[PDB]
Amino acid sequence: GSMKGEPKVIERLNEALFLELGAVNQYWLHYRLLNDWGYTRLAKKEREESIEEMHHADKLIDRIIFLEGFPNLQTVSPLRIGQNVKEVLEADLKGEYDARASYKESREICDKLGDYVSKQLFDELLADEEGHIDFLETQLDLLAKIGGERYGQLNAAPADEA
Amino acid sequence: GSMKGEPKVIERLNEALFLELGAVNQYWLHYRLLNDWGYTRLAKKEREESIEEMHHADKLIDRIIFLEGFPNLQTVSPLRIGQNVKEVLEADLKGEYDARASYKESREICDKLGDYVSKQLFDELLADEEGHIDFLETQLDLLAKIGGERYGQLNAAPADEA
Amino acid sequence: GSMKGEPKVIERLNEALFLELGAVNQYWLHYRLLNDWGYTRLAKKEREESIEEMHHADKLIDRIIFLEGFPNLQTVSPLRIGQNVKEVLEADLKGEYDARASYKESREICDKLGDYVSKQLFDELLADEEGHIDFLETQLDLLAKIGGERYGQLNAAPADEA
Amino acid sequence: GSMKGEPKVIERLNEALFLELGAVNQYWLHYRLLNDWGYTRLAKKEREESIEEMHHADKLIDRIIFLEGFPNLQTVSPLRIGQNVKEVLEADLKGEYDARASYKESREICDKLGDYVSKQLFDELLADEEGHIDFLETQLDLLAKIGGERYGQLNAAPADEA
Amino acid sequence: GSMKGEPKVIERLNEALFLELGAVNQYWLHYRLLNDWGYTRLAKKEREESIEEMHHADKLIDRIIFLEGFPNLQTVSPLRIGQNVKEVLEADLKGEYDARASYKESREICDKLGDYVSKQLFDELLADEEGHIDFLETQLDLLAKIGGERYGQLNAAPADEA
Amino acid sequence: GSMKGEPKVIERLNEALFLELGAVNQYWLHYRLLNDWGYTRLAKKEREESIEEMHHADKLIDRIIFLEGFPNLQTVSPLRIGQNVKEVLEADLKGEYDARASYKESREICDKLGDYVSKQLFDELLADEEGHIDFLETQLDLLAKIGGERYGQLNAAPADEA
Amino acid sequence: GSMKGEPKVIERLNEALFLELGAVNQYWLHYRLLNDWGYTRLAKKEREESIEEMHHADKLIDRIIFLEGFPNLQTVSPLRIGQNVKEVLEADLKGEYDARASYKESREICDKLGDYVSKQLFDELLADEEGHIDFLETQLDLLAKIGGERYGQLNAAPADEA
Ligand code: NA
Ligand code: NA
Ligand code: NA
Ligand code: NA
Ligand code: NA
Ligand code: NA
Ligand code: NA
Ligand code: NA
Ligand code: NA
Ligand code: NA
């Protein structure tokens, strides 16, 4: 018996890790920019989401090592950095769709190759990303309906607690 | 002695139940839509009002069974589903006026037929619906005065607590 | 990228919602009847199960809206209303088998169409319904073995706590 | 201005008091008999119901004195005393129907004569009696369905807590 | 649908408000006079009753606004100000009878015009006023039986707690 | 509707139970041997793992009964009993690989036959066994790197707490 | 007045960030490898040090944004990944010396250009890195003196708490 994973499974896991490290760093930078712009409420959520992506990355790393593969943390996927509140949300949403599409294909490859526990891991990440797509599309819907300046005000703190 | 109710009283009670199940379901769907649109504060109130209508439905069911009638939960009254915040409030208000008018006529029929305890039940529901008409007309007054986009912002949560 | 679901997936979700609203209402009416008949212990469980079905309905509604579909709360599936304790259990069991069969087919359609998160939702509901089929078949087994009158007594409260 | 009530209103109030003192005493004796027969659970409920009828009697006495009438506590309405559990419930039910019919007629006379606060008092007692008719008819339904001996066992305590 | 009340209903509500503001002010002045005269116990009750009348006034104001009428707080009904303890009680009693008679007629007009929730409000105020007529007639009965000077002493505090 | 499972599904469930009872007993005996040899820390973990396998066996038994099959607890799979610390870990690892391979094939058969809830149960056990394979391969890696005598010392308690 | 930093200062800050993201990822992977190898005590320290490097990265990001520069999180410095405990410590030490040398040069450039607050930030990071060089050189000294296998045993947990 051996836990040596399928090379294609470890590749999909590393591709997920590539995207996850990009998302961690994009959310963390969006956090710092949003805070510097005054949108301290959205910034706090952005930092929470960076941390959620760190947990995803950690689960992927752990699974690759268990499959006796080598996790690649040397590179991170292309960042999309926004220059105003709406661009930040739109950039996050595009990265979420990239993750969604990647994990859907990955769960299918793991299933086809008989690695059902890795398949399960991609199924859990897929559900998590769809939840965050929910959130981001809701925020962009709200921003369109009440307008960007009111959306920014709603997500800014007053000066005595900024 | 017999608790067998007047057929016309059980009919009025079932007509109230018909409307009440419609209101439960309309408020619950309005809850889920409002939340998905970002108006998490109005959504929470909408869900509270759905639950209040469930309690009305439950009292009606209990009274019909006590009168040895058969409660009908198979059908629900026509739903009015809004597509923006103002339409949601307007749709709820129309259903409240339907309930108000139905319960006013029902208290009169129960009184005429000598079922004063059923009459009392319609009197309590009538007062409750008028309270909710108060609330909805106040919210629509506020929305007209400060404008729909500011009313939406007021009833939305920031992103770190949405 | 788009969260617009497959029309056939939203149809299966709405078909589940149709059945779920029927189950909510059947369990709630069975609750009120059982209580009126004196079987206050079985009534309390029936009301708990109605609430469990409300949570199922709520998850389905939320998923349909996320897929940008329109949840239908206007109609509810045909109710089976029992006229004694055993008929109540038998009627609930038939509705559970309807839900089981519907969700099994739905998980297969979602899987075939590539909506694995909706598939997951049907998988969780399927497990939940099978648990309730377990319970109902156990209760009907007990009722057959100790007899209906002893089963009724076991599930009735004494008069000072009824 | 004068609080001197209508003679016919005080008569209806005294007629209610007549019935209420009969119900107090019938429930209290049924309590002591049921306990002596071993049905300690039903006995405890019977004693609770005697006390509920004492509160009704007290409200009637207070209202008669406020109307400057003279409450009659010299006589009590005919008691119906059962000789087994089912007869006790049937006897209580007959007295409840007597009270119900009396209070319905009394609320109508008070209303016709313009004493709306006395009318209200009869409306509250009417609702209370209908609740107790609910309870008694439920218990008699249960007794018929599981049988009198099982109903007695259900409402008896074991010997170490009788 | 419209909550625009019947003009005659708003008139009755405003007539009640007229009397209620008079009662508030009469009880508050009677409070201050009684205290200045040394009857600190009766004064405290008088101030409590002023506050109870404020709550009545507030309910009336709220109902008029809900009916889309305009509450009139510009005028207050004629005050009856006593110059000794017995005159204070007699003056309060006369105002209570005025309120009682006004609310009885008002509940009848609201009922006739189909505004059963306003009718209910007058029914609740009517019961409340009859309770206070009870109290005042009891106090005047006591004052006649033990004599005015003993009644005054009973309702005065000693000098170290006056 | 019927919960009568596929005969091949109950066979796979019973095959899992066969292996699980073997693992329970192998871990429990390894516990007692390790303790007797002085390796009280590894012994405590071994006993914890026996109990984890008991929970697996219990879930399988429950599922077989729900499918109206008959759980077989008469036989247990071949035990591999080690005679030193490294052999104990190697023997546990071989049994874990047997369980892993059995559950992977079983999830595939349940899926093919349309029993997705039984499939889910094998998916959860599969993930659990892979976690324990992780642990055992890590311990064997550590034992090779620091040497068996140091690994034994690390997993022994001092004499005043052995 | 303007907070627009010197381009060369932002370059040094971004060069520090480049190294810091490499250190975060190297420590996090070393954490997961060490844990998988059984050295759970050293793994926990490695994860703590990854987090310390995250705080350094965060301070650098914040300072770059304050200087109106653009933080680069797209690339990370070359990782040195060890394949046994001693190589892990040696690889961490080499990265620490790279950071030390980079921050020493950076504090000198910031000082020369008159950005004393950025200079201060490099001075604080420099002190922090020298503390971690202290730790790593101490651990490598200990490993040489007691031997690698005893150093590994010392930094491994027993099986009941691994
Ligand atoms: Na993620
Ligand atoms: Na605003
Ligand atoms: Na209602
Ligand atoms: Na009337
Ligand atoms: Na369900
Ligand atoms: Na599949
Ligand atoms: Na009574
Ligand atoms: Na008043
Ligand atoms: Na197992
Ligand atoms: Na650092």
Side-chain angles (χ1 to χ4, degrees), chain A residues 16-24 26-27 49-60 77 92 95-100 102-103 106 121-122 124-133 136, chain C residues 16-24 26-27 49-60 77 92 95-100 102-103 106 121-122 124-133 136, chain G residues 16-24 26-27 49-60 77 92 95-100 102-103 106 121-122 124-133:
Chain A
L17 180 57
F18 184 61
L19 290 169
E20 281 294 340
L21 293 169
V24 169
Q26 175 177 317
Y27 296 175
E49 290 313 311
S50 188
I51 290 159
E52 294 297 342
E53 305 295 338
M54 299 179 195
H55 277 114
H56 286 180
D58 190 52
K59 309 214 145 303
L60 295 162
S77 68
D92 291 351
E96 283 295 327
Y97 276 121
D98 284 351
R100 186 210 199 191
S102 180
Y103 303 169
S106 284
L121 172 58
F122 282 108
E124 154 186 73
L125 302 180
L126 185 59
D128 288 356
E129 307 304 349
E130 276 188 20
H132 190 47
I133 289 148
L136 292 170
Chain C
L17 180 57
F18 184 61
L19 290 169
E20 281 294 340
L21 293 169
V24 169
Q26 175 177 317
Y27 296 175
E49 290 313 311
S50 188
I51 290 159
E52 294 297 342
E53 305 295 338
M54 299 179 195
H55 277 114
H56 286 180
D58 190 52
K59 309 214 145 303
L60 295 162
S77 68
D92 291 351
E96 283 295 327
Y97 276 121
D98 284 351
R100 186 210 199 191
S102 180
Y103 303 169
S106 284
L121 172 58
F122 282 108
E124 154 186 73
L125 302 180
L126 185 59
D128 288 356
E129 307 304 349
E130 276 188 20
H132 190 47
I133 289 148
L136 292 170
Chain G
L17 180 57
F18 184 61
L19 290 169
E20 281 294 340
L21 293 169
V24 169
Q26 175 177 317
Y27 296 175
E49 290 313 311
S50 188
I51 290 159
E52 294 297 342
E53 305 295 338
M54 299 179 195
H55 277 114
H56 286 180
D58 190 52
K59 309 214 145 303
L60 295 162
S77 68
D92 291 351
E96 283 295 327
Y97 276 121
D98 284 351
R100 186 210 199 191
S102 180
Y103 303 169
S106 284
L121 172 58
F122 282 108
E124 154 186 73
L125 302 180
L126 185 59
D128 288 356
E129 307 304 349
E130 276 188 20
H132 190 47
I133 289 148

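All ligand and atom numbering here is 1-based and tracks the order in the structure. Note that these values count all heavy atoms, side chains included, but never hydrogens, waters or copies made by symmetry. Quick note on labels: first sequence line is chain A, next is B, and so on, each numbered from 1.
- The Na ion (ligand 10) lies at 3.0 Å or more from every N, O or S atom belonging to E52(G).
- Not counting sequence neighbours, the partners of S50(A) by the side chain to side chain contact (heavy atoms under 4.5 Å, CB included) test are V24(A), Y27(A), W28(A), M54(A).
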Would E129(G) and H56(G) satisfy side chain to side chain contact (heavy atoms under 4.5 Å, CB included), going step by step from the backbone distance to the final call?
-> CA-CA 10 Å; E129(G) 307 304 349; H56(G) 286 180; 3.2 Å; yes

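- The atom of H56(C) nearest to the Na ion (ligand 5) is ND1, with the search restricted to N, O or S atoms.
- Contact annotation: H132(G) places no N, O or S atom under 3.0 Å from the Na ion (ligand 10).
- Of all the N, O or S atoms in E53(G), the one closest to the Na ion (ligand 10) is OE1.
- Shown are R100(C), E52(C), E49(C); of these, the side chain to side chain contact (heavy atoms under 4.5 Å, CB included) with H132(C) is made only by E49(C).
- Restricting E129(A) to its N, O or S atoms, the one at the least distance from the Na ion (ligand 1) is OE2.
- At least one N, O or S atom of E20(G) sits under 3.0 Å from the Na ion (ligand 10).
- The distance from the CG atom of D92(C) to the CD1 atom of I133(C) is 11.5 Å, given to the nearest 0.5 Å.
- For the atom pair CG (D128(G)) and CD (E96(G)), the distance works out to 9.5 Å, reported to the nearest 0.5 Å.
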